[PDB]
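Take a look at this one chain, the form deposited without uracil, written out in structure tokens.
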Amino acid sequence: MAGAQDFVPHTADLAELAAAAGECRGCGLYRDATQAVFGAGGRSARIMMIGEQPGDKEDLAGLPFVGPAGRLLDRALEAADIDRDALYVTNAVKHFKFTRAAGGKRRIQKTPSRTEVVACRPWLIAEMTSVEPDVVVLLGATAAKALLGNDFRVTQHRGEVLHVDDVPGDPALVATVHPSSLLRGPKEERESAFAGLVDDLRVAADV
């Protein structure tokens, strides 16, 4: 077995899966991170949302999407008329990957390698098989690539309803921008990008 696969227990119970992920050594990222950050939500959710990895705040909160990026996504979900009872939100990698600077106000997130994404993917498959979502929203390049291939380009397929035969349960897949990209740039570009994120979320909610 490769990566996290022998660390994943034979259960679909999300509490048991989350506990087991706390003991995962499927790649090196568990060493420096505070804790594993599993997904949040319930198995009745119809929409699954996948980001890249927990960030500085999530690493310590023990919860996904608790910082500025989470607040922007919340603003977008509200504008797309998506109830939070319908969501299961998680990340492609479950340990924060980072370095620090000397005068930074945060620990600096680093990009997971394809090896780490592939190593952690067993947790994502377990989450997908446990929740059985009707649609999976892929927030950013790392998450999209995790399920759609290392060559996939979000910018080229944003907001298209995709279906790949290798994904368990054949949910609809919708790739979109990662909310953290929307925190930067000119006001009108952020406003334009925010409306496009809402669009992609509305496509997913209409699956």
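Between two forms, the rigid core is defined as the largest C-alpha subset superposing within 1.5 Å. Residues that one form lacks are left out of the comparison. Position 1 is the first residue in the sequence shown; the rest follow in order.
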Practice prompt. Using only the Cα atoms and their B-factors as the entry lists them, report which of 67-75 and 97-105 averages higher.
Written response: 97-105
Worksheet item: Do the CA atoms of 35-43 or those of 155-163 have the higher mean B-factor in the entry?
Response: 155-163
Response to the item:
Among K110, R114, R84, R121, highest Cα B-factor in the entry goes to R84
Worksheet item: For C27, does the deposited CA B-factor place it in the lowest, middle or highest third of the chain?
Response: lowest
Fill in: Modelled-residue ranking by C-alpha temperature factor, third containing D56
middle
Worksheet entry | Cα B factor band for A21 (lowest, middle or highest third within the chain) | lowest
Discussion item. Going by the CA temperature factor in the PDB record, which third of the chain does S180 belong to: lowest, middle or highest?
Written reply: highest
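The form deposited with uracil bound is left out here; the points below concern that form.
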Practice prompt. Considering only heavy atoms, tell me if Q53 and uracil come within 4.5 Å of each other in the deposited bound form.
Written response: yes
Item to complete: Evaluate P64 for contact with uracil in the deposited bound form, applying a 4.5 angstroms cut-off between non-hydrogen atoms, and reply yes or no.
Response: yes
Fill in: 4.5 Å heavy atom contact, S130 and uracil in the deposited bound form
no
Practice prompt. Please run the contact check for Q109 against uracil in the deposited bound form: heavy atoms, 4.5 angstroms, yes or no?
Written response: yes
Worksheet item: Which one, 39-47, 150-158, 53-61, 165-173, holds residues whose non-hydrogen atoms are within 4.5 Å of uracil in the deposited bound form?
Response: 53-61
Practice prompt. For the heavy atom contacts within 4.5 Å of uracil in the deposited bound form, list the residues of 87-103 involved, in sequence order.
Written response: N91
Practice prompt. Pull up the moving segments between the shown form and the other one: at least three consecutive residues, every CA shifted by 2 Å or more, rigid core held fixed.
Written response: 84-86
